[PDB]
């Protein structure tokens, strides 16, 4: 069965475009897919179909500034003022669109890239449905967020011109490092995947519209959510639930595996239930890389089944 869910964003502007996919039979879990920056939720068709095959409900939206939400609003790569809180709020609102339908099922959030940061930030909030946490394309300790991005220059841009296009230098600082292991054949988005076909499709897909200029306030929202996802409060408040981590060892977003290992090591030192899948030689989208897609999906199904059993 299919549901179209729309709701007004926390930003008061966008009609958030959302879908729920129900399998035949009695489902055993809900999986919420939270897409990343410059993509959309219907890009996950293969994973959605795999999760339905496994007997799970799947629910996802196109976030503010993204995919169908942007197509219908006309506004790309901006989520309003307080962008981090807008997208966290909207992911919590999405959970409540199934209120009364699946109240006794376990709920797993799967978040990729920006979605991994949103999922991590949601975990710190009391209202959240979250019986397991699955992260992919994990943004953790990359040089740009950790060191290159000049917070004083960003604060100055926010004080004077928060709705202007993000200054080019600040965008370059935030993603400093993303091209470190790329050739000119790979192109500027080669970090997306080792698969040239995945990268070419990424650049073609009209519901990604990747590369639309971000506003200053949107860039502020990425710095904010990076802090919320990677800061002490995340580790201190992470609920006592199963966690799984998926990343490419060549993904700049996780500092080429080093950052993802640090996330796993800190959660494990504090006694958390942590499963780590680091794919050697693969880049950001390990759920789309032909080499790893089947292992990511099967691992995710086994993980959701383990959450449901507990």
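Numbering follows the first chain given and starts at 1.
Visitor: What stretch has the higher average Cα B-factor here, 167 to 175 or 108 to 116?
Guide: Per the deposited B-factors, the answer is 167 to 175.
Visitor: With respect to the recorded C-alpha B factors, which stretch has the higher mean value, 123 to 131 or 225 to 233?
Guide: Looking at the recorded C-alpha B-factors, 123 to 131 comes out higher on average.
Visitor: According to the Cα B-factor stored in this entry, which of the following is highest: 88, 94, 161, 139?
Guide: Spelled out: the listed residue with the top C-alpha B-factor is 161.
Visitor: Based on the PDB record, which member of 99, 199, 182, 79 exhibits the highest Cα temperature factor?
Guide: If I rank 99, 199, 182, 79 by C-alpha B-factor, first place goes to 99.
Visitor: Would you check the entry's CA temperature factor for residue 73 and let me know if it's in the chain's lowest, middle or highest third?
Guide: Highest third.
Visitor: How does the C-alpha B factor of residue 296 compare with the rest of the chain: lowest, middle or highest third?
Guide: Tercile = middle for this residue's CA B-factor.
Visitor: When the modelled residues of the chain are sorted by Cα temperature factor, does residue 268 land in the lowest, middle or highest third?
Guide: Its C-alpha B-factor, which the entry lists for residue 268, ranks in the highest third among residues of this chain.
Visitor: Can you tell me whether residue 286 has a C-alpha B-factor in the lowest, middle or highest third compared with the other modelled residues of the same chain?
Guide: CA B-factor rank for residue 286: lowest third.
Visitor: Which third of the chain does residue 255 land in by C-alpha B-factor: lowest, middle or highest?
Guide: According to the entry, residue 255 has a C-alpha B-factor in the chain's middle third.
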